[PDB]
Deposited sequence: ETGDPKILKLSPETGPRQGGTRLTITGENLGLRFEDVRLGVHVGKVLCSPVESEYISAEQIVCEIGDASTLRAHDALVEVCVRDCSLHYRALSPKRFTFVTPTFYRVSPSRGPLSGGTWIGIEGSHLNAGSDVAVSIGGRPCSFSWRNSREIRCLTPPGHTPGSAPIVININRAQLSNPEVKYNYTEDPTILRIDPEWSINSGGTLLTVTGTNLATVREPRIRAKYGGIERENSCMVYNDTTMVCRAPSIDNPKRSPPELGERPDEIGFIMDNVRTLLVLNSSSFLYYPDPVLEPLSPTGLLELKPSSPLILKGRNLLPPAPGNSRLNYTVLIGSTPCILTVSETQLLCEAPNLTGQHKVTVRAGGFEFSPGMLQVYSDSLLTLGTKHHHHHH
């Protein structure tokens, strides 16, 4: 008459402690009917009365299986002793391990998304990752990886990784996490972009390779906008300008500094806002509909330096070699792009 429908989870550490959840039918009436009749093979599973749902759910903590001479076992539930139910599938006792952390280094401020690779890392009912004794904020996990977020470090250098899965304490001295000095930002070249953004900016600083996915951010017109970067080496990365296009306002022809300009690099929050930055945003080009002469304004920057918009006229999906004046775009071939700007 009693029947088990599902077990969750299906694997657990051999040391025990797993909170097994047994869902079924006719699972007794009161907690006394099943308080002593739940076993995982030879191992006792102690039910928790607070999470016992009458005739439907039995939550029990699995005991120690360190001396059990078996790898998996069926779950037996005895109601009161004749009428008992056997689990449809088997519960597996495993020994979780890990062999790699990626990335193995990151800023001292923390905020680095790390994935610890190993075996049986999805076993049990809870998990807790620690680096140097501080909690790595758990995000998710499967059988081969645990994704968590590093905490701020005490001092730069290596730090041990310890994982807790119920009563199992996983360690590996060959797998450490190296806290590095926080990256710094020195200059942005060129120090300007257009309203639609999307232009390539060369950012130079220190320890840039210690952050896997740095981003660039700008606050303008009451709106925050972001864009992606790619690190080339510890002192040089390339970003795309955030687009500040919004219906509240647009930059003037002479340019205006954004309310904020900065970078998102893990939890190095001092880089979020560059206060003394003179970065300017300029208007988008204003074009209008056998050489072709596309006329318009805001084509060249009002500040003549070493840089100018890298235009591309994709007529026929083929770039044309072009000469650019203040009011001239010239194609010489037998749809207009500039960073994130596009117009025909």
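Comparing the deposited sequence with the modelled residues, the stretches lacking C-alpha coordinates are 1-3, 84-86, 296-307, 353-360, 371-393.
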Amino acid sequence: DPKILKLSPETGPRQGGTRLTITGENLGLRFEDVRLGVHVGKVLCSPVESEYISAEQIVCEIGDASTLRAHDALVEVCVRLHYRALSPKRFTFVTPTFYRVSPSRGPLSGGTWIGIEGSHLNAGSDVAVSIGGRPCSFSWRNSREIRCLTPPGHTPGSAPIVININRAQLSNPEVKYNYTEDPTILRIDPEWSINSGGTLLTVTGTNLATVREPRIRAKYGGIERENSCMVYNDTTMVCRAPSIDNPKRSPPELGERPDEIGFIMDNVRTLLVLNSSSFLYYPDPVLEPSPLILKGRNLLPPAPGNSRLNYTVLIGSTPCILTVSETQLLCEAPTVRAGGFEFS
From here on, numbers count along this sequence of modelled residues.
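A summary of the deposited B-factors shows that, of 236-244 and 131-139, the stretch with the larger mean C-alpha value is 131-139. Per-stretch averaging of Cα B factors for 60-68 and 28-36 places 28-36 on top. Per-chain ranking of the deposited C-alpha B factor places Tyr83 in the highest third.
Sorting the modelled residues of the chain by their CA temperature factor places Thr97 in the lowest third. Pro156: CA B factor in the highest third of modelled residues in this chain (values from the PDB entry).
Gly12 sits in the lowest third of its chain by CA B factor, as recorded in the PDB entry.
Ranked within its chain, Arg217 lands in the lowest third, by CA B factor from the PDB record.
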